[PDB]
Structure formats: structure tokens, C-alpha cells
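Trainee: model this:
(chains A and B, ligands or ions: 3)
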Amino acid sequence: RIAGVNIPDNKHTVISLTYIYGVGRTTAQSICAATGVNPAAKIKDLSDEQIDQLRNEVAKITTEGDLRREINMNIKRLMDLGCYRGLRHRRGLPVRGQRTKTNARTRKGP
RNA sequence: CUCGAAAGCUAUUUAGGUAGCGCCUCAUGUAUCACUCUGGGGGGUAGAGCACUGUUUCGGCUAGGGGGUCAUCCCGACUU
Ligand SMILES: [Mg+2]
Ligand SMILES: [Mg+2]
Ligand SMILES: [Mg+2]
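Mentor: Numbers count the residues shown, from 1 in each chain, chains lettered A, B, ... in the order given. Ligands and ions are numbered 1, 2, ... in the order given. What follows is the structure:
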């Protein structure tokens, strides 16, 4: 609603744009370069004018409310085909080819 | 010589005792009473019924738990 989500205050611009969930850190360094907003000032000190140009960039990359939708179909395409990358992805095993006998605990919990 | 019962009720340290009412008798009064016919009158019993509360048999049409279950990593449902 503010830029797609709420944006914190009393912070620099590149840090503030990070919470938009679809722009990391290197991408938000291009947006202040392409628009011209100084990151060295806070978001409080800005004008209420050029935020549309920041909002123009949000309408060109992705939005987290639909980013998580479309990335699920990338998962969902892998599951319903029954390919090996979606075979373990149904179950909960690691995917990229890690070791399974021990230590793969961030995909199985405590 | 004339008339003629009861073994009921309530209470009881009561139950085989006793006391009030019900039933007999003799007096005094006073006027109602039985039987039957024609009336008016409420009722919930025998019977009967399944509208309620329950209980019972068969049949259909089914909701379902799904019983099978094509069975789908895990999801459709195949089938009945
Ligand atoms: Mg006699
Ligand atoms: Mg005695
Ligand atoms: Mg009867």
C-alpha cells in the first residue's frame, strides 16, 4: 500500500527498499541510480513527488503477493510430472544433491 | 315378651388394649327420605387406535460412516 508493503522510517533508502520482497540489495542500488534518489538521505527527508518513480520500478520486477504464487507453480510443475527433482520435493528430502545420511536437518526439523 | 349388630376408618411405646366417627337400642322434637319414569350433567375405565411417547417386522428411496476401493509421493474418485 505504501510501496506494496509498509516501509520503515529513519533509515537510508537502499535499506528501506529491501523489505519490498522481490528486490534484494544489488537491485535496489540500481533503482536509486535509475531514478536519482539519494540513498544517503533518510526516507523522511524525501519528497512525496518522486515516489511514483520508485513505485514505477515496483511495477516492473515482481510483487511478493504474486511472487510466491508463481514460484509455487514452479514447485507444482516439478511434483505432478513425477520427475526426480520433484520426487524428493514432495517428501521433504534435500534437492540439489546434498548428503542425506547425516546433517540435513534444516529440511527435516528437530 | 318387642327390637337387633360388628370384626370398618383415623391416632397410639400401638398391633390379642383403648378412644372419637360408621353400624344397634330407648326417649324428645322436627319434616324430610327410599324405589321407578321423564329429564339435565361432568368423566377417560373395558374396548379400540397409532396423531404423541416408546417398542417391532418386511420393502422402496436414500443422507451417510465409506465396506469394497481404479486407487492417486499426498489430493480425482473407479466402484457400490
Ligand atoms: Mg326380628
Ligand atoms: Mg394386648
Ligand atoms: Mg386395553
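
Trainee: quick one: is the longest helix along chain A near RNA strand B?
Mentor: In chain A, with assignment by DSSP state H, the single longest helix is helix A:64-80. Yes: contact between helix A:64-80 and RNA strand B, assessed by C-beta under 7 Å from any atom of the strand, occurs at residue A:79. Using the backbone N, CA and C atoms, a C-beta is placed for each residue, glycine as well.

Trainee: test my guess that residue A:32 contacts residue A:13.
Mentor: Yes: look at residue A:32 against residue A:13 with C-beta atoms under 8 Å: they come within range, at 5.8 Å.

Trainee: spit out the residues that contact those two alike.
Mentor: A:38, A:39 (C-beta atoms under 8 Å, 6 or more residues apart in numbering).

Trainee: looking at these two, which is more packed in?
Mentor: Neighbour count, other C-beta atoms under 10 Å: between residue A:32 and residue A:13, residue A:13 has more, with 23 against 18.

Trainee: spatially central residue in chain A, please.
Mentor: residue A:22 (3.0 Å; C-alpha atoms, centre = their mean).

Trainee: residues contacting that residue?
Mentor: A:61, A:62, A:63, A:64, A:67 are the contacts of residue A:22 under C-beta under 8 Å, 6+ apart.

Trainee: assign the residue lying closest to the last one once chain neighbours are set aside to helix, strand or coil.
Mentor: The reference is to residue A:67. Sequence neighbours aside, residue A:22 is the residue nearest to residue A:67 in space, at 5.3 Å (criterion: C-beta to C-beta, 6 or more residues apart in numbering). Secondary structure, DSSP: H, G, I helix; E, B strand; the rest coil: residue A:22 is coil.

Trainee: which non-adjacent residue is nearest the residue in chain A that RNA strand B sits nearest to?
Mentor: For chain A and RNA strand B, the shortest gap (C-beta to the nearest atom of the strand) falls at residue A:90, measuring 1.6 Å. Distances taken as C-beta to C-beta, 6+ apart place residue A:79 nearest to residue A:90, at 5.4 Å, with adjacent residues excluded.

Trainee: which residues touch the one you found?
Mentor: By C-beta under 8 Å, 6+ apart, residue A:79 lies in contact with A:86, A:89, A:90.
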